[PDB]
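K.L.:
There are 4 protein chains.
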Amino acid sequence: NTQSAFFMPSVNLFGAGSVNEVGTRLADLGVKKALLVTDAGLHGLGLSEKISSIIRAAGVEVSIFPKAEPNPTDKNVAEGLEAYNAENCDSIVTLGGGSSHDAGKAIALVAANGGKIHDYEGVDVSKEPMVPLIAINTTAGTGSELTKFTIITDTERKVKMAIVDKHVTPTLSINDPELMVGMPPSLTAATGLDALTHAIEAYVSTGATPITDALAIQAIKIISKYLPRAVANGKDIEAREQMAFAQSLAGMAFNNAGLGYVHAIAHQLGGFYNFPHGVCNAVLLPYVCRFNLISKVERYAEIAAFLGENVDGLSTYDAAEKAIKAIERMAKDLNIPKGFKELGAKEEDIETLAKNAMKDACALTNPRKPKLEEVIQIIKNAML
Amino acid sequence: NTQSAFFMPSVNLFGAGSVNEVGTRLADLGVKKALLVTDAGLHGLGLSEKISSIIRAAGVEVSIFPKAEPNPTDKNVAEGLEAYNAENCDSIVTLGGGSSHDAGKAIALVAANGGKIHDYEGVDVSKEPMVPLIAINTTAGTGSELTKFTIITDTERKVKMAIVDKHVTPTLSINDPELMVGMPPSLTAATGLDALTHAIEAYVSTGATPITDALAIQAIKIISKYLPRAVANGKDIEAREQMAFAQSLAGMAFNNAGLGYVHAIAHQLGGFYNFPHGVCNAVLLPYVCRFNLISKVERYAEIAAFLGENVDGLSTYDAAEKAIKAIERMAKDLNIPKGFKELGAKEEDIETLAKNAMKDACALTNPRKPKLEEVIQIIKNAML
Amino acid sequence: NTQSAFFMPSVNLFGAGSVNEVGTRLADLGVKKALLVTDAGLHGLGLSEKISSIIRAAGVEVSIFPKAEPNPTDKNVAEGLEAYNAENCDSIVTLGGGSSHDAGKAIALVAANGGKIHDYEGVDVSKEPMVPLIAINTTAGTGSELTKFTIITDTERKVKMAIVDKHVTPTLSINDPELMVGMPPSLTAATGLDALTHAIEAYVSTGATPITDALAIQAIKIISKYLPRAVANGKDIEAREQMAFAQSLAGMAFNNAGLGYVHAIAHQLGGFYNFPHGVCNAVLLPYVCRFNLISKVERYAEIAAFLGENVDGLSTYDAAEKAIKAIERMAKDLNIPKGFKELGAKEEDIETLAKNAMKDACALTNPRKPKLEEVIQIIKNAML
Amino acid sequence: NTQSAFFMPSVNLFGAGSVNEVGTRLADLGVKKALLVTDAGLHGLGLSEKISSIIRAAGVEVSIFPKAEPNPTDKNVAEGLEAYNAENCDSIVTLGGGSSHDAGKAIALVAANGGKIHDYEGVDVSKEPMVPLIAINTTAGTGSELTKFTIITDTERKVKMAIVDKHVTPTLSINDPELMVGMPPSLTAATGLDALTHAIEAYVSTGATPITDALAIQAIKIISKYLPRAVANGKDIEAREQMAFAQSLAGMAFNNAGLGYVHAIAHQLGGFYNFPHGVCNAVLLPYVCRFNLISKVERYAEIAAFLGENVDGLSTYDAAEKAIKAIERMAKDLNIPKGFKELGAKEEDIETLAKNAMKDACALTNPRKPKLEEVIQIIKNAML
Ligand SMILES: [Mn+2]
Ligand SMILES: [Mn+2]
Ligand SMILES: [Mn+2]
Ligand SMILES: [Mn+2]
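Protein chains in written order, with the deposited numbering: chain D, 3 to 386; chain C, 3 to 386; chain G, 3 to 386; chain H, 3 to 386.
#1: Below 8 Å on the Cβ atoms is my guess for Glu376 (chain G) versus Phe293 (chain G); work out the distance and round it to an integer in Å.
#2: By Cβ distance, which residues of its chain are closer than 7 Å to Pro74 (chain D), with the 5 residues on each side in sequence left out?
#3: Using the Cβ count rule (16 or more neighbours within 10 Å means buried), how would you classify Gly273 (chain C)?
#4: Can you name the residues that DSSP bridges to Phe9 (chain G)?
#5: Can you check whether the CB of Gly124 (chain H) is closer than 8 Å to the CB of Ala359 (chain H)?
#6: Give a yes or no on whether the C-beta atoms belonging to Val24 (chain G) and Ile56 (chain G) are separated by under 8 Å.
#7: Counting contacts by CB-CB distance shorter than 8 Å, is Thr211 (chain C) in contact with chain D?
#8: Since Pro11 (chain H) and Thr152 (chain H) should fall inside the 8 Å C-beta cutoff, what is the C-beta to C-beta distance between them, to a whole number of angstroms?
#9: Note down, in chain order, all residues in the stretch 138 to 154 of chain D with a beta-carbon under 9 Å from any beta-carbon belonging to chain C.
#10: Which residues mark the beginning and the end of the beta strand (DSSP E) in which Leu271 (chain C) is found?
#11: If the cut is a Cβ gap below 7 Å, which residues of chain C does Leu217 (chain D) touch?
#12: Should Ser6 (chain H) and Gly17 (chain G) be called a contact, given that it needs their Cβ atoms to be closer than 8 Å?
#13: First and last residue of the beta strand (DSSP E) that includes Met185 (chain C)?
#14: So with CB distances below 9 Å, who are the chain D contacts of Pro230 (chain H)?
#15: Taking only runs that begin and end inside the stretch 274 to 343 of chain D, name each unbroken alpha helix (DSSP H) of 4 or more residues, in chain order.
#16: For ligand 1, any of its heavy atoms closer than 7 Å to the Cβ of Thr144 (chain D)?
#17: Determine the DSSP secondary structure at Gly46 (chain G), reduced to helix, strand or coil.
#18: So that I know if they touch, is there some Cβ in chain G lying closer than 8 Å to that of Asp335 (chain C)?
#19: Below 7 Å between beta carbons is the criterion; list the residues of the stretch 302 to 324 of chain G that meet it against any residue of chain C, in chain order.
#20: Assuming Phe9 (chain G) and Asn257 (chain G) are in contact, meaning their beta carbons sit under 8 Å apart, how far apart are those beta carbons, in whole angstroms?
#21: Determine contact between the stretch 251 to 265 of chain D and the stretch 136 to 148 of chain D, defined as no fewer than three beta-carbon pairs at a distance below 8 Å.
#22: Starting from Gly98 (chain C), trace the beta strand (DSSP E) in both directions and tell me its first and last residue.
#23: Using CA coordinates, which residue listed in C:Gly315, C:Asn115, C:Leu217, C:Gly310 is at the minimum distance from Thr318 (chain G)?
#24: Which whole-angstrom value is the C-beta distance of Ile380 (chain G) and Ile267 (chain G), which I expect to be below 8 Å?
#25: Please list the residues of the stretch 356 to 374 of chain G that have a C-beta atom closer than 7 Å to any C-beta atom in chain C, keeping them in chain order.
#26: Mind listing the chain G neighbours of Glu243 (chain H)? Cutoff is C-beta to C-beta under 8 Å, in chain order.
#27: Considering only residues of the same chain and omitting the five flanking positions on each side of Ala110 (chain C), which have a CB-CB separation below 6 Å?
#28: In angstroms with no decimal places, state the Cα-to-Cα distance between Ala85 (chain H) and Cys91 (chain H).
#29: Do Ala221 (chain D) and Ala248 (chain D) have their C-beta atoms within less than 8 Å of each other?
#30: State whether the stretch 279 to 286 of chain D contacts the stretch 320 to 339 of chain D, with contact taken as three or more CB pairs (one from each stretch) at a distance under 8 Å.
#31: Is there at least one non-hydrogen atom of ligand 4 closer than 7 Å to the beta-carbon of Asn283 (chain H)?
#32: Can you tell me which of H:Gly98, H:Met163, H:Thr149 puts its alpha carbon nearest to the alpha carbon of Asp121 (chain H)?
#33: Using beta-carbon positions only, say whether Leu374 (chain G) and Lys348 (chain G) come within less than 8 Å of one another.
#34: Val183 (chain H) CB to nearest chain D CB: under 8 Å?
#35: Along the alpha helix (DSSP H) that carries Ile352 (chain G), what are the first and last residues, could you check?
#36: Give me the chain G residues within the contact set of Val233 (chain C), using Cβ-Cβ distance strictly less than 8 Å, ordered along the chain.
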């Protein structure tokens, strides 16, 4: 069949100052105590309490759980659900980047489902919707405040599992760019390139629809113009607002179109070496795009135009290639590592990495279907 | 502030066969009796009964209210509220075009807030969200299955009131293009041109965002290619699916960006003479675009490109004029009336219509802020 | 259904002198006596006997039936079968233009199925293949030596009936350009413009496939270059051979894609007034193309390029309009009447003409689905 | 003489599900027992049994001969005749690729003339038509379901003989794209490049006609767009259906125009080393095309445009070179070896290969007539 679906929270707030409403919104849902899931860094800056004050000034109680780690783990979820039950909480508020969002979603799902986080790895394997959750986003990538995806790291196999379930769509989302001014340049670049990867993989995905196409095209155009600006000056409010829009666009697109082998392989490099997710995506993107080129050459030529390249007088092929080179130039200008060999990756794991990549759910929508040998080749290419 | 928000149902189903999920979805909400709101035509074709079977086969009871009329009225809403209450319905399922969705939305709102429908004319006037509602769309225009708009006619003032309230966002939406194959050509043309008006007014609205821009641009390009094909052959399945996507994209765009003076004046022409909504929009669109040109000339030039026009070597002003000419050519090719006078309009009402048009909420987002005399002149030009 | 089928005689002979094989090929079929179906003009010019000689010099007997009339009638078929069964024939050889092919196909079908020619009006009505038949073509039009169409006129209804049956695809086809050198200019023009109508209607038909498209594009390009040369000088052997190829390409294309409302209306103007089939097609072609424009604007723009027009810097719409202008110009240069009233048509019959046109099988594949009102408007536009 | 001919089965089915008709069609011919000729791979996967079931469910008997080998051999044909007679079969159904079609055609031809397969090598060597045959195609290249070619391998001379005889045109053809989804990527690439070789060699062949040109041009354009898509994802239904159309187009074209020295040399390399047919064609095509440039430079420039290359501002010569470069890049993107020595070819054979190649029937229509030495240089260049 030709059936498809579009998922997103019913209410999504944007713009400078939107965070000052989390508490009132939390009160309208009729919940009483929220577990504030954040990371140690944002808690170690006072943002946790700024938000907690906003919620308490509306009559809702807060218990701060600042233990979500970059690449959140199953242990983070177990500790967070134990805190959730020990503190008699009925809601969850996530504050931070994708790690906080995914930790809160996992806690919220298991808190309504019982089980363990690992049992719901795959697509729509869970049975109940999660507890009320409001997601407040402070990074310009991921889009997890809008998605039905939670990426939990399995510590025994060292694999960043993709739990794709409609029951983890947040109740309400908040995208306040004033909370993103503090992202240091490396973080700005990595999150922005994770959003660009989302838009590109959604555009070439086999589950793409005219709606997701609209959103992904706009995301590529905005990132192409504003991401380098946000890396060059993080106090540039226009660039921050445009990247907040681009991040939400890319999230809406990939959430409903699917991803591809960039994320399938990046999840394995991040589960093995705890590298930053966006850095992994930025290193892999050119190689997977070249691998996919013959399957979606017309769409890569369109991406070349979306990224500002002049494609006048060129075959679809020469334009498709200009797209990969513009992506490489951007990664180089945002001071992205040239390879995984320098970052700490080991040749002995390549084969394992590739096999786990062919089991990731993100691989199902890649436009080109490889054999194990070709995944090994992509991973080998990202080593230099 | 620079704050904005994006509203939408959390789950939106697309594709051939989507209606086959309605019953299960109703059961997931935990509802027990739904009032199925439709019109006399679709009930006479048996669609009401086909959907009723799907709903009852999942353990939910159905009572059919097939009395929503083109341009639903406050009396339709009162009768619907009585049927809803006499039969103890706790949910609503709308089946049809914009008239059925709005009748159901109005019934659900009044059933959850009290009073009468007239009490909520304006913006965010209600206090409680509306009863559970699933919207099944069968026309390729309006978008109402996704919006927070319900247009109900006040019969005494002869005014189609626009209730723009966050509390009438449907719970779930279903867009089955197989239910749209049966639209006769004039309805296909009128609904399609209403969707085109939605995308254009959203693109030039003062409340536009990068997100709404993405959606409206895609909608214009798709309508430009496929609406004439669906009008020429209603069994062109590709054109029908593309039109379903375009109508949803335009709905998403205008729901969150706003409309303009095309809709503000059309609501009055429809409240006075009961003309079909899309025909009023098609007649008025070139005149309001011309009136608005000086405020958004760059975006009208972009619309000219989206509509297939060649704008090489032209000033932005000349390209915006090519956009108006292409809109007029589409209206002529889809057998849209030349003016309003042949349909029954009376010059002795222009002033009343104009005064009411300045009270519509859609006028609040029009890019050019007019004076009574200018609204009058617009209606007068749309007379011949 | 994404299913389609391509039908054609298994052996098709081309080139100067190919007719000199008719006898031998008939002997390979193991046939013994054949009815030579032709028209009065070629029989009075002596071609019937010449061809009969080649047939007899190979051991097959021949009895000539030379009374098929331009716009063949049911009476022609009656007499034909009469002769076929009186003269004890086991095969049929058609010699001439579309009238001889259609007469022979009808006779061969009734000789194997037994009814009345009227009984098989429509699509695939018969149950038995027709008697062995070799078609020798002498006009650069129709294509019937390879098609499954036979158009016989119903003298009573005054309707050119369309019998579309897979069982009348001829056994063997012969395209000898040496027999067409004698076509006077008006016949050359009318048959060539009937071939152009075949190619255009095949290219825009709803039953087009990549194969029929391939054939139709070539037919348009060759007709565009060589038909005016063949009308200007019937002894231009190059033009005659290229026109023979183009007529066969267009026949293969329309045989397997379908025709449209040009033919649906032309069959009615021809059954009422005995006008030349190709002249009717040439008068009607621009009006039906304009009516169809909104359904196939992209393909009409391509036709404009195939007809030699420059479409650089034009919208698809303007390029399609240039295609219609090029068609009008060619018809004007080949001295085609601008309209029908000057030829003897009467306004009082349009309505009848329109109703009968909507019953022709050629109307089923027209890209735009019309209403009676619109068919009347087309015929009225084609009267002046 | 300027004479030519077009040959093809009278009925050719396309589209998903066409195979469900085979049984009905077998009954219409009046056949009692059919030999199902296939290979061990298709028999071991169970497809043979599906088709045998459709045929027997229509009252025709089936005996499966699953012993046709890639590069069918005279021993397979002799054994197939042994099975055919030792089971009193009166018809043949071929299911699979070119090897199955050619094996079945050869068995049926020897079954009707009594000779041996080696005796009919050449052009139009047989005296009787072959037994009734329906060809079910599962590969996207050969075209044998429509051709009068059977390529059977002579185990002693180590040469693939080409039997081009009017009597092996199948009775009916079925091209079901659903049966091609299982083609692995390398097989998809090799068969598709054999179809491309057919179309190119037909376009530049000395036996080209305007009809073969039309078909070949369309085939090249479709292959250029869809072959890399079918190789990148065999489950892409659109790509598979377009490739089925392109393979049929290329078969129709080469069947009636001729091939050239690509096939002449590849037949010898496949008879000597059991290489895949399509890989030999893909490796040799650029070298024979360069050799041919001076004879058909205008048609190679046109092929450059058909393959998507931009030729603006170039001499005809540079455009023809862009065509050779485009063929090489396509072969590289589909992982085609650049040379033959890494596959096992030996130099002491070059001369024998060349000698045998000037002896193949496909060499008569090549546009440039070479000398032994030039063929030797072609094979030597195809080694690196
Ligand atoms: Mn990501
Ligand atoms: Mn509207
Ligand atoms: Mn005709
Ligand atoms: Mn071949």
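Each residue gets a CB set at the ideal place from its N, CA and C atoms; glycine is no exception.
P.N.:
In terms of the structure at hand:
#1: Indeed they touch by this definition, with Cβ atoms about 7 Å apart.
#2: Closer than 7 Å at Cβ, skipping near neighbours: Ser101, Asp104, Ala105, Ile154, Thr155.
#3: So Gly273 (chain C) ends up on the buried side.
#4: By DSSP's assignment, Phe9 (chain G) forms a beta bridge with H:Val13.
#5: Pairing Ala359 (chain H) with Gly124 (chain H) gives a Cβ-Cβ distance that is not under 8 Å.
#6: Closer than 8 Å, so yes.
#7: With respect to chain D, the C-beta atom of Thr211 (chain C) has a partner C-beta closer than 8 Å.
#8: About 14 Å separates the two Cβ atoms, so there is no contact after all.
#9: Listed by position, the residues of the stretch 138 to 154 of chain D near chain C (Cβ gap below 9 Å) amount to none.
#10: Element bounds for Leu271 (chain C): not the beta strand (DSSP E) but the alpha helix (DSSP H), 263 to 275.
#11: At a C-beta separation below 7 Å, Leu217 (chain D) has these neighbours in chain C: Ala216.
#12: Taking 8 Å as the Cβ cut-off, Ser6 (chain H) and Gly17 (chain G) qualify as a contacting pair.
#13: Here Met185 (chain C) belongs to no beta strand (DSSP E), and DSSP marks it neither H nor E.
#14: Against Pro230 (chain H), the close residues of chain D are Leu295, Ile296, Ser297, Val299, in the order they occur along the chain (beta-carbon pairs closer than 9 Å).
#15: Listed in chain order, they are 279 to 294, 299 to 308, 318 to 335.
#16: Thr144 (chain D): yes, Cβ under 7 Å from ligand 1.
#17: Note: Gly46 (chain G) maps to helix in three-state DSSP.
#18: For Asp335 (chain C), a Cβ of chain G is located within less than 8 Å of the residue's own Cβ.
#19: Listed by position along the chain: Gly315, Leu316, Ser317, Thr318, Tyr319.
#20: Contact between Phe9 (chain G) and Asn257 (chain G) holds, since their C-beta atoms are separated by about 6 Å, short of 8 Å.
#21: Touching, yes, given that three or more Cβ pairs across the two stretches are closer than 8 Å.
#22: 93 to 98 is the extent of the beta strand (DSSP E) around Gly98 (chain C).
#23: If we check each option's Cα against that of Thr318 (chain G), C:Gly310 comes out closest.
#24: With a Cβ gap of about 7 Å, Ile380 (chain G) and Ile267 (chain G) count as contacting.
#25: For chain C, the residues of the stretch 356 to 374 of chain G that bring a beta carbon within less than 7 Å of one of its beta carbons are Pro369, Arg370, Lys371, in chain order.
#26: Chain G residues near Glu243 (chain H): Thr4.
#27: Excluding residues up to 5 positions away in sequence, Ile94, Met132, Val133, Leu135 lie with their Cβ nearer than 6 Å to the Cβ of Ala110 (chain C) in the same chain.
#28: The alpha-carbon atoms of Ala85 (chain H) and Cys91 (chain H) are separated by roughly 9 Å.
#29: Cβ atoms of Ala221 (chain D) and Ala248 (chain D): closer than 8 Å.
#30: Touching, per the Cβ criterion.
#31: Yes, since a heavy atom of ligand 4 falls inside the 7 Å radius drawn around the Cβ of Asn283 (chain H).
#32: The shortest Cα separation from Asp121 (chain H) among H:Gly98, H:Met163, H:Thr149 belongs to H:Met163.
#33: Contact flag unset, no.
#34: No, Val183 (chain H) does not count as interfacial toward chain D.
#35: Where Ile352 (chain G) is concerned, the enclosing alpha helix (DSSP H) stretches over 352 to 359.
#36: Residues of chain G with a Cβ closer than 8 Å to the Cβ of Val233 (chain C) are, in chain order, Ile296.
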